[PDB]
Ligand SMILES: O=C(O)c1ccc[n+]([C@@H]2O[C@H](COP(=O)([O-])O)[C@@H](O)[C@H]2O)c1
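Encoded as structure tokens, the following chain is the form deposited without the named molecule, with no partner shown.
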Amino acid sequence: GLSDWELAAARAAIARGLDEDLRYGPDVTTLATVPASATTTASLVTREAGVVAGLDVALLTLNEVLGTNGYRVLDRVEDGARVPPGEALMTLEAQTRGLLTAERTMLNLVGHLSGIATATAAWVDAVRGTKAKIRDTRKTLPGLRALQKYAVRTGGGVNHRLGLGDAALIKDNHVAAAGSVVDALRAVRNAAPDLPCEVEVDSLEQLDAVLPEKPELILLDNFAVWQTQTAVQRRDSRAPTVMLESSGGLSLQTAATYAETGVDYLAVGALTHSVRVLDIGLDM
């Protein structure tokens, strides 16, 4: 599931987690109570319902602590699976000391990634029967972007920008320096003609101004549903090729309403900032 870029990011994150955990000394209690030869069958089981994501990251943690052949996976669920409360996501047999050392880092990571996938799946259900797609933002946690981006995709979302040079996004700041939105739009087009041009507008006035310029995407910044409807109507009549994305006053309660206006995407920053963990435990 994880690509090369994601696999590297995953390894880097697990390595960081373990170091934080092992920086003060080994788990003196398991050393004192559990023999090296001990081995168990343990299960990652959810304490709540949700969508699972990050299971490969769990195996990667074990690889690091136990060695690739330090354990045996007796069974597992696939990432993306919708799962009920006492569901065993993965069952494995491994050295007990290794499992106990890996545990917290492993659980912190899959719990976070499952929290994201869970939430995005809710957004996706909310706008179903609409053409809208749930997209993420750059409002990610430092060091965790590839993984968080991976988890929204697992939940059924689509990734937007990966960084600053990914696409050209004209905002208020650029607009000002350029003079106007269309001034900025033109400047960037002339400077990086091979790059996706996305412009952010906060008024129907700026919208009317940029539509003829035909940028790749216009982000409707904090528009009411009625203004979003209007923006879709004007786009459909004046620049059918311009994609529209709602960004701002979105809540899961208002999701379908906005979606029903016909916008193409809903930019949800909450999917990655503001995430609630999916409670999962290691049962031995």
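Throughout, we count residues from 1 along the sequence that is shown.
The stretch 1-9 shows the higher mean C-alpha B-factor when 1-9 is compared against 274-282 in the entry. Checked against the record, the higher mean CA B factor of 226-234 and 250-258 lies with 250-258. In the PDB entry, the Cα temperature factor peaks, among 148, 154, 180, 137, at 180. Highest CA B-factor among the listed residues (192, 119, 126, 113): 192. Annotation for residue 214: CA B-factor lies in the highest third of the chain's modelled residues.
Residue-level temperature factors show residue 240 in the middle third of its chain, judged at the C-alpha atom. Sorting the modelled residues of the chain by their CA temperature factor places residue 174 in the highest third. In this PDB entry, residue 163 carries a Cα temperature factor that places it within the lowest third of its chain's modelled residues. Per the deposited record, the Cα B-factor of residue 185 falls in the highest third when ranked against the other modelled residues of its chain.
The form deposited with the named molecule bound is left out here; the points below concern that form.
Shown alone, this chain has one stretch from 155-163, 89-97, 180-188, 111-119 that lies within 4.5 Å of the named molecule in the deposited bound form by heavy atoms: 155-163.
Screening 82, 133, 214, 138 for any heavy atom within 4.5 Å of the named molecule in the deposited bound form leaves a single hit, 138. For the chain shown alone, residue 228 is not a contact residue for the named molecule in the deposited bound form, no non-hydrogen atom being within 4.5 angstroms. In the deposited bound form, at least one heavy atom of residue 219 sits within 4.5 Å of a heavy atom of the named molecule.
The closest heavy atom approach of residue 273 to the named molecule in the deposited bound form falls within 4.5 Å. Contact annotation for residue 269: at least one heavy atom lies within 4.5 Å of the named molecule in the deposited bound form.
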